[PDB]
Amino acid sequence: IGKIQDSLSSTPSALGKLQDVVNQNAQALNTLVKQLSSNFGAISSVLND
Amino acid sequence: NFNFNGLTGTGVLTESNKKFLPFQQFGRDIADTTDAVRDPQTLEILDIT
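The listed protein sequences derive, respectively, from chains C and B. Numbered according to the deposited numbering, the first sequence spans residues 931 to 979. Numbered according to the deposited numbering, the second sequence spans residues 540 to 588.
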């Protein structure tokens with residue numbers, strides 16, 4: 931029980947699964963946000979103009 | 540609502556603290572939309588929210 935704490939503390943690559951879950955969610959949201967900039971064959975991507 | 544030199548939109552305006560350079564006209568955010576604008580006539584900078 932003494933050794934397990936420092937064993938956990940030393941290694942920085944144990945929580946990878948949760949890390950990838952969060953990263954995938956964030957990347958999907960970021961791509962969805964970015965998609966709004968396309969012109970899609972139109973004159974401009976802004977509706978007001 | 541606002542209309543600045545043909546640029547139209549709605550939102551609130553506040554004193555922006557950016558260090559705009561003399562050759563810069565208007566600022567725009569990460570989503571290619573106008574965030575801060577250098578005011579005409581008298582030269583000030585305001586942000587849009």
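Even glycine gets a Cβ: it sits at the ideal position worked out from N, Cα and C.
Report task. Answer with yes or no whether the minimum CB distance from residue 969 of chain C to chain B is below 8 Å. Result -> no
**Report entry** Start and end residues, alpha helix (DSSP H) containing residue 936 of chain C
**Finding:** 932–940
Query raised in the report: Is any beta-carbon of chain B found at less than 8 Å from that of residue 959 of chain C?
Result: no
Requested in this report: List the residues of chain B that residue 966 of chain C touches, going by C-beta distances under 8 Å, in chain order.
Outcome: 570
Report task. Taking the CB atoms as reference points, tell me whether residue 587 of chain B and residue 574 of chain B lie closer together than 8 Å. Result -> yes
**Report entry** Cβ neighbour criterion (16 or more within 10 Å) applied to residue 951 of chain C
**Finding:** exposed
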